[PDB]
Amino acid sequence: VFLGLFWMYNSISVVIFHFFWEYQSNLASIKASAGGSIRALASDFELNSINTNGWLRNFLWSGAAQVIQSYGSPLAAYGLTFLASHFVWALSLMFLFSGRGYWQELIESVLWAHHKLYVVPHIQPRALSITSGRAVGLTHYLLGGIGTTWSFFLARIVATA
Amino acid sequence: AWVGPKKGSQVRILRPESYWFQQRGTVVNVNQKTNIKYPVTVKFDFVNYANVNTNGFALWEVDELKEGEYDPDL
Ligand code: CLA
Ligand code: CLA
Ligand code: CLA
Ligand code: CLA
Ligand SMILES: CC1=C(C/C=C(\C)CCC[C@H](C)CCC[C@H](C)CCCC(C)C)C(=O)c2ccccc2C1=O
């Protein structure tokens, strides 16, 4: 289930990316004017969502202007949540890539430092268990990715619509 | 005659690899048989990573401490 949650995140992220790019493409196309009736392709999605580079340029990098240029505007909160989501997502990487034993030994050294000063907590400091570490990493990964998409989508669709 | 730490007396662990090394524990019982290599059974307030706080130690791996010659604050 832990791995299936990552793959659900991937699946739903691609699904919402497809929907958002199609929605923006349709909004731009219906903004032809009235006279413009040959949309050819145009349809930025239909013309560019065929490459990974097409996505990376015309959807992510293109629409990120709204969320990264939101400082000093009411969408500055979306910008800050964008940054915080990236931070939480890299912290997830921290939890997912690492293992319990190392952190246990680090906590052993820190606890020696505590005992040296007569601090000695009795609820013995133990690092997160293997499953607990995986769960924390997955929670942070989902939070960071979903929050990044949340901030990006909301800033892009509120500033431009 | 009795050999080893007295029952219920605090001892300091001299086993370098023990989870309670140089810490303090209470002696539960000492096996009065010469063939037992680790007779001194010591109980600790702290549990190790295996969630067990009782272990047997050799006679030379425990230092019996007097009633007031150790540090009560660990
Ligand atoms: C000390 C370790 C450390 C730190 C601090 C950072 C810092 C950062 N990494 Mg990072 N990283 C590190 C080690 C570290 N790296 C290592 C070893 C690796 C492995 C190679 C990585 C791999 C990595 C990746 C892969 C990514 C990052 C990213 C980031 C950035 C996250 C965006 C940001 O600033 O959000 C913080 C900014 C804010 C504005 C948040 C503040 C406002 C929020 C809403 C509030 C949070 C405050 C908090 C709640 C305290 C308030 C308390 C109150 C509630 C009481 C940031 C520059 C991301 C990035 O920059 O993408 C381009 C990213 O994707 N890192
Ligand atoms: C930007 C920084 C940031 C953010 C946003 C989070 C966010 C989170 N961390 Mg976290 N963490 C961070 C940095 C951060 N962490 C750092 C630096 C470390 C150390 C490396 C950790 C270590 C860590 C561990 C070890 C664990 C978390 C967990 C969690 C989750 C807690 C779930 C919850 O609310 O339970 C409560 C659930 C509710 C439904 C309560 C309702 C929601 C509340 C009301 C939201 C508002 C919170 C609060 C009111 C904000 C104000 C607090 C105070 C100032 C009043 C949450 C997703 C835990 C969980 O991971 O995932 C399994 C967990 O075990 N974190
Ligand atoms: C096994 C579990 C399971 C099942 C049964 C479904 C079922 C469904 N999901 Mg779904 N989903 C699941 C798990 C599952 N999901 C999980 C875990 C996730 C998270 C990633 C999702 C995420 C998800 C999303 C995001 C969406 C769906 C959608 C759908 C619907 C797709 C309808 C469709 O495209 O028709 C196509 C299929 C047919 C028309 C059936 C016929 C196809 C061919 C012709 C059959 C060939 C038969 C052949 C003769 C015999 C073959 C035998 C051979 C195998 C030996 C359908 C109800 C979509 C939906 O409901 O949209 C409205 C949608 O948007 N799912
Ligand atoms: C240091 C570099 C760095 C790093 C590490 C990150 C890290 C992240 N960014 Mg990010 N970003 C950066 C720089 C960086 N950013 C810069 C400089 C910009 C421009 C301002 C952006 C703009 C940006 C946007 C606009 C978005 C992110 C998102 C994300 C998150 C993706 C998490 C994940 O697993 O996605 C999993 C990876 C994917 C789902 C792939 C999507 C990307 C490709 C191009 C889509 C291709 C679709 C196509 C149909 C092929 C599908 C294949 C399928 C099998 C996956 C993560 C927090 C996204 C997010 O929230 O999560 C997705 C998001 O919406 N970032
Ligand atoms: C860091 C790490 C630990 C150490 C984590 C510990 C010891 C959890 C304790 C962290 C404390 C509780 C953080 C408290 C919350 C932070 C202060 C941030 C939230 C509040 C701020 C936003 C203000 C593990 O135990 C572990 C286990 C398995 C795989 C990977 C890892 C892993 O990566």
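Residues numbered from 1 in each chain as written, not as in the entry; some residues may be left out. Chains lettered and ligands numbered in written order. Part of a larger assembly, values for the part shown. Heavy atoms only, no water. Residues with missing side-chain atoms left out of burial classes, pairs and counts.

Structure determination for this PDB entry was carried out by cryo-EM, with a resolution of 2.90 Å recorded in the header.

Going by what the PDB entry lists, chain B is known as Photosystem I PsaE and is assigned to Amphidinium carterae. This deposition appears in the PDB under the title "PSI-AcpPCI supercomplex from Amphidinium carterae".

In the annotation of the PDB entry, chain A is listed under the name Photosystem I PsaA and assigned to Amphidinium carterae.

Visitor: Explain the interface of chain A and chain B here, please?
Guide: How big an interface is tends to be expressed through the accessible area that disappears when the partners come together. Facing nine residues of chain A, the contacting portion of chain B comprises nine residues. Of the roughly 780 Å² buried between chain A and chain B, counting both surfaces, carbon and sulfur atoms make up 48%. Of all residues in chain A, the largest losses of buried area upon contact with chain B belong to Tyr-118, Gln-124 and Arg-126 of chain A, amounting jointly to 56% of the total for that side. For the interface between chain A and chain B, the tally reads zero salt bridges. Here chain A and chain B share eight residue pairs in polar contact between them. Classifying every residue of the side of chain A that touches chain B gives three nonpolar, four polar and two charged. (Contact = heavy atoms within 4.5 Å. Buried area = accessible area lost by both parts, 1.4 Å probe. Salt bridge = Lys/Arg side-chain N within 4 Å of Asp/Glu carboxyl O. Polar contact = N/O pair within 3.5 Å; in protein donor to acceptor, adjacent residues only side chain to side chain. Nonpolar A, V, L, I, M, F, W, Y, C, P; charged D, E, K, R; others polar.)

Visitor: Explain the site of ligand 5 to me, please; I cannot follow it from the model alone.
Guide: All names here are of chain A. In the vicinity of ligand 5, the residues found are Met-94, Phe-95, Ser-98, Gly-99, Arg-100, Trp-103, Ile-107, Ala-127, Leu-128 and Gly-133. A distance of 3.4 Å is found between an oxygen atom of ligand 5 and a backbone nitrogen or oxygen belonging to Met-94. In the model, an oxygen atom of ligand 5 is placed 2.6 Å from a nitrogen or oxygen of the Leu-128 main chain. Taken together, the elements giving at least two residues each to the shell around ligand 5 come down to α4 (76-97) and α5 (100-116). Ranked by residues supplied to the shell around ligand 5, first place goes to α5 with three residues. Tallied by class, the residues present in the shell around ligand 5 amount to six nonpolar, three polar and one charged. (Near = heavy atom within 4 Å. Helix = DSSP H or I, 4+ residues; strand = E, 2+ residues; numbered from the N terminus.)

Visitor: Help me out: how do you make sense of the packing of aromatic side chains in this one?
Guide: For any pair of aromatic rings, the description rests on two quantities: the centre-to-centre distance and the angle between the ring planes. Summed over the entire model, instances satisfying the criterion amount to 24 aromatic pairs over all chains. When the centroid spacing of 5.8 Å and the interplanar angle of 80 degrees are considered together, the rings of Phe-44 of chain B and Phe-57 of chain B count as edge-to-face. Of the two residues, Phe-44 of chain B is situated in the loop between β3 (40-43) and β4 (54-57) and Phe-57 of chain B in strand β4; the sequence distance between them amounts to 13 residues. Among the residues examined, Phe-44 of chain B registers a relative accessible area of 0% and is labelled buried. The structure contains a cluster of three or more aromatic residues connected by ring pairs, namely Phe-17, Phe-20, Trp-21, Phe-45, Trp-55, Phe-59, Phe-152 and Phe-153 of chain A. (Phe/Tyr/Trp six-rings, centres within 6.5 Å; stacked < 30°, edge-to-face > 60°. Buried < 20%, exposed > 50% of the residue type's maximum accessible area, 1.4 Å probe, protein only.)

Visitor: Where do I start with the nonpolar core in this structure?
Guide: The tendency in soluble globular proteins is for nonpolar side chains to be buried as a group. Counting 13 residues, the largest nonpolar core has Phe-20, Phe-59, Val-67, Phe-152, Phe-153 and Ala-155 of chain A as its most contacted members. Of all the secondary structure elements, the ones that give two or more residues to this core are α1 (2-30), α3 (52-68), α4 and α6 (130-159) of chain A. Contacts of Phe-152 of chain A, omitting those with residues within four sequence positions, involve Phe-20, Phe-59, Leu-60, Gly-63, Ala-64, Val-67 and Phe-82 of chain A. Membership of the second largest hydrophobic core comes to twelve residues, among which are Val-30, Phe-44, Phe-46 and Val-62 of chain B. (Core = buried A, V, L, I, M, F, W, Y, C linked by side-chain atoms within 4.5 Å.)

Visitor: Looking at this structure, I do not really get α5 of chain A. What am I missing?
Guide: Three- or four-residue spacings in an α-helix give side chains the same orientation, since the helix completes a turn every 3.6 residues. Counted at 1.5 Å a residue, the expected span for α5 of chain A with its 17 residues is 24 Å, and the 24 Å between its end C-alpha atoms agrees. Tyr-118 of chain A sits one or two residues past α5 of chain A and shows a positive phi near 60 degrees. (Expected span 1.5 Å × (residues − 1).)

Visitor: Honestly, α4 of chain A in this entry has me stumped. Any pointers?
Guide: End to end, α4 of chain A covers 32 Å across 22 residues, agreeing with the expected 32 Å (1.5 Å per residue, within 8%). Among the structural elements, α3 and α6 of chain A are those in contact with the buried residues of α4 of chain A.

Visitor: Can you walk me through the layout of surface pockets in this structure?
Guide: Rolling a probe over the atoms, with the probe sized like a water molecule, indicates the empty space that remains. Roughly 710 Å³ of volume is contained in the largest pocket. If you go around the largest pocket, you meet 25 residues; those closest to its centre are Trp-112 and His-115 of chain A together with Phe-21, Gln-22 and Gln-23 of chain B. Looking at side-chain class alone, the lining of the largest pocket contains eleven nonpolar, seven polar and seven charged residues. What the second largest pocket holds in volume is close to 440 Å³. In terms of lining, the second largest pocket is formed by 17 residues, of which the most central are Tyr-9, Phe-17, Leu-60, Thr-148 and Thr-149 of chain A. Every element with two or more residues in the lining of the second largest pocket is listed here: α1, α3, α4 and α6 of chain A. By residue class, the composition of the lining of the second largest pocket is ten nonpolar, seven polar and no charged. (1 Å grid on protein atoms, 1.4 Å probe; cavity = no way out; pocket = protein on both sides within 12 Å on 5 of 7 lines; lining within 4 Å. Points joined across faces, edges and corners; volume = space filled by probe spheres on them.)

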